[PDB]
Every structure is written in C-alpha cells, then in structure tokens.
Amino acid sequence: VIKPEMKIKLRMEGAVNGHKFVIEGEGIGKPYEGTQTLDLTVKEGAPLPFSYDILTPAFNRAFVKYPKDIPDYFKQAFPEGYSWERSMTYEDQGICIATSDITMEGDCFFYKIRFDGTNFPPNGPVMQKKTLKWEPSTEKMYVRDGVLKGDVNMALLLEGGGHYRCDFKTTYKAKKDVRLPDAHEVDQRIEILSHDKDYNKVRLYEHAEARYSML
C-alpha cells in the first residue's frame, strides 16, 4: 500500500492571533527512508505577520524510518488513513492546537489541516518573527488509555539568541483498528530549505527515524 516514493498534496486553513490564512502544499517523500520535502504556497493572508516556524510541524508520521520489530501504526493505517490532534503550548503563553485528517489515493497523500493559535504576546519572538529554526527533537510515543500518544519538548532557536520553548502533545487515531505499538521514540529534524521574503513560498524538509530507548 505505502509506495517507496509517495507524493503529498495538502491544504491548511488557519487563524493565529486573529490573522486568518490558507496555505497549500505539494511535495514528495520516501516513507521507508523517513524523508520528505514540501513546496508550500500562501494562498490567503497577505504577508503572514507571525513566524512561519510555528506552522512547520503541522505540515505525517507515515514518513518515518521504522524498525520492523516496532509496529508501524502510521503505515498500517493506510489506505483508509489516520488523523492527529496536537496541542502546542509555548513558554510565554502562546497556545496552538492543530488537527489533520490524512487520506490516500494511488501514490499520493492528502491532508486537510486546521491550525489555530492564540495569546502570542505582540512583543514575543513569534509575532516579532525572531525565530531561526527548530532544534532536532525526540517524540516520546506511547499507549495511554488505549490511544497512541506522542509528547515532544520542542525548542525554537532565537536571533541572538538562546531558546524559546514549546510542549507538543499529540493523539494519533487510525480510522480502522491496527496494532498499537509498545513505547518508542521518533527522532526528527525539520528545516526550511529556502523561502522568499515574506514566506509566501517555502521549501520544507524533514528527516525522521523511529527507535527504542537504550534504558
């Protein structure tokens, strides 16, 4: 079902501190390699007045290099697909919630993403566009009350700079019942490869690999 080379088509509808926006994307990834690249275009919301970095993790855990001995909840979820619900709490009270419904047709993945952010201080590094990139991270994957959950302590590097923290909490729900995996970790690095002046056009990349804890 999951082809070694999978295309990506997405649509994100959002609002951050009241600013409404629509972003559309087209890309390709090698799901077994855990690599993917997206070309993102700002369709609505003129020049985005907030850091584009807060959006990047919202733009698919099917794109992870999974060891065989660890059940792959995300790749088994297809063709029907899966959904995810994420909470993103920033250290200065900025709060984001994003939802994504992921479907599949042929060699292509389709995402309907909803992104909502509020309480970002006007002088904070998000509204001030003072963020550089996300630091490489580790998502702790585990089953709590019969659902697959993912936690990640994220850190945005700043101009100067030091770090600006965010806590992610995600719920992964496959549409049809599949094998829930034992506790594992997913290491990732998300990067903006290129962009134009106002981030109207962005080229995004991600490399992700699953593994067990050496404990």
# chains A, B, ... in the order shown; residues from 1 in each chain; ligands from 1
>>> residues_around(residues="residue A:1", least_positions_apart="4", cutoff="12 Å", atoms="only C-alpha atoms", output="number ranges by chain")
A: 5-6, 31, 62, 74-81, 104-109
>>> residues_around(residues="residue A:56", least_positions_apart="3", cutoff="9 Å", atoms="only C-alpha atoms", output="ChimeraX atom specification")
/A:52-53,59,190-192,204
>>> select_by_dssp(residues="stretch 101-155 of chain A", states="strand (DSSP E or B)", output="MDAnalysis selection string")
chainID A and resid 101:105 108:118 131:134 137:144 147:155
>>> atom_distance(atom1="atom CA of residue A:100", atom2="atom CA of residue A:135")
22.9 Å
>>> closest_atom_pairs(of="stretch 40-141 of chain A", to="stretch 163-185 of chain A", cutoff="6 Å", atoms="only C-alpha atoms", output="JSON lines")
{"residue": "A:71", "atom": "CA", "partner": "A:181", "partner_atom": "CA", "distance": 5.1}
{"residue": "A:77", "atom": "CA", "partner": "A:174", "partner_atom": "CA", "distance": 5.4}
{"residue": "A:82", "atom": "CA", "partner": "A:174", "partner_atom": "CA", "distance": 4.1}
{"residue": "A:83", "atom": "CA", "partner": "A:173", "partner_atom": "CA", "distance": 5.4}
{"residue": "A:84", "atom": "CA", "partner": "A:172", "partner_atom": "CA", "distance": 4.6}
{"residue": "A:85", "atom": "CA", "partner": "A:171", "partner_atom": "CA", "distance": 5.2}
{"residue": "A:86", "atom": "CA", "partner": "A:170", "partner_atom": "CA", "distance": 4.2}
{"residue": "A:87", "atom": "CA", "partner": "A:169", "partner_atom": "CA", "distance": 5.1}
{"residue": "A:88", "atom": "CA", "partner": "A:168", "partner_atom": "CA", "distance": 4.6}
{"residue": "A:89", "atom": "CA", "partner": "A:167", "partner_atom": "CA", "distance": 5.2}
{"residue": "A:90", "atom": "CA", "partner": "A:166", "partner_atom": "CA", "distance": 4.2}
{"residue": "A:91", "atom": "CA", "partner": "A:165", "partner_atom": "CA", "distance": 5.5}
{"residue": "A:139", "atom": "CA", "partner": "A:185", "partner_atom": "CA", "distance": 5.5}
{"residue": "A:140", "atom": "CA", "partner": "A:185", "partner_atom": "CA", "distance": 4.7}
{"residue": "A:141", "atom": "CA", "partner": "A:184", "partner_atom": "CA", "distance": 5.1}
>>> write_last_selection(atoms="C-alpha atoms", output="PDB file, in the first residue's frame")
ATOM      1  CA  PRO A  71       4.700  -1.949  14.881  1.00  0.00           C
ATOM      2  CA  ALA A  77      -3.286   2.842   8.963  1.00  0.00           C
ATOM      3  CA  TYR A  82      -5.449   8.370  10.040  1.00  0.00           C
ATOM      4  CA  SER A  83      -5.897  11.614  11.947  1.00  0.00           C
ATOM      5  CA  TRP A  84      -3.888  13.510  14.553  1.00  0.00           C
ATOM      6  CA  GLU A  85      -4.748  16.193  17.138  1.00  0.00           C
ATOM      7  CA  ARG A  86      -1.955  18.304  18.545  1.00  0.00           C
ATOM      8  CA  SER A  87      -1.684  20.740  21.436  1.00  0.00           C
ATOM      9  CA  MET A  88       1.311  23.177  21.311  1.00  0.00           C
ATOM     10  CA  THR A  89       1.905  25.230  24.482  1.00  0.00           C
ATOM     11  CA  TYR A  90       4.664  27.910  24.230  1.00  0.00           C
ATOM     12  CA  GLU A  91       6.594  29.254  27.243  1.00  0.00           C
ATOM     13  CA  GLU A 139       8.882  12.469  20.264  1.00  0.00           C
ATOM     14  CA  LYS A 140       8.078  10.002  23.020  1.00  0.00           C
ATOM     15  CA  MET A 141       5.488   7.565  21.500  1.00  0.00           C
TER      16      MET A 141
END
>>> select_by_dssp(residues="chain A", states="alpha helix (DSSP H)", output="PyMOL selection string")
chain A and resi 73-76
>>> closest_residue(among="A:9, A:19, A:197, A:43", to="residue A:60", atoms="only C-alpha atoms")
A:9
>>> closest_residue(among="A:51, A:213, A:119, A:131", to="residue A:96", atoms="only C-alpha atoms")
A:119
>>> atom_distance(atom1="atom CA of residue A:99", atom2="atom CA of residue A:154")
18.1 Å
>>> residues_around(residues="residue A:66", least_positions_apart="6", cutoff="9 Å", atoms="only C-alpha atoms", output="PyMOL selection string")
chain A and resi 32-34+72+186+209-211
>>> atom_distance(atom1="atom CA of residue A:8", atom2="atom CA of residue A:64")
14.7 Å
>>> residues_around(residues="residue A:121", least_positions_apart="4", cutoff="8 Å", atoms="only C-alpha atoms", output="PDB file with N, CA, C and O atoms, in the first residue's frame")
ATOM      1  N   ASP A  92       5.691  31.505  26.737  1.00  0.00           N
ATOM      2  CA  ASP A  92       5.177  32.850  27.019  1.00  0.00           C
ATOM      3  C   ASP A  92       3.649  32.920  26.902  1.00  0.00           C
ATOM      4  O   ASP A  92       3.108  34.000  26.682  1.00  0.00           O
ATOM      5  N   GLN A  93       2.973  31.767  27.012  1.00  0.00           N
ATOM      6  CA  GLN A  93       1.516  31.630  26.972  1.00  0.00           C
ATOM      7  C   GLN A  93       0.873  31.537  25.594  1.00  0.00           C
ATOM      8  O   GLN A  93      -0.341  31.445  25.484  1.00  0.00           O
ATOM      9  N   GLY A  94       1.685  31.551  24.556  1.00  0.00           N
ATOM     10  CA  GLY A  94       1.207  31.325  23.196  1.00  0.00           C
ATOM     11  C   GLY A  94       0.709  29.887  23.111  1.00  0.00           C
ATOM     12  O   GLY A  94       1.371  28.970  23.607  1.00  0.00           O
ATOM     13  N   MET A 127       5.376  36.822  17.005  1.00  0.00           N
ATOM     14  CA  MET A 127       4.800  37.996  16.346  1.00  0.00           C
ATOM     15  C   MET A 127       5.905  38.925  15.857  1.00  0.00           C
ATOM     16  O   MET A 127       5.725  39.601  14.837  1.00  0.00           O
TER      17      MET A 127
END
>>> closest_residue(among="A:37, A:17, A:152, A:47", to="residue A:200", atoms="only C-alpha atoms")
A:47
>>> closest_residue(among="A:2, A:73, A:27, A:11", to="residue A:142", atoms="only C-alpha atoms")
A:73
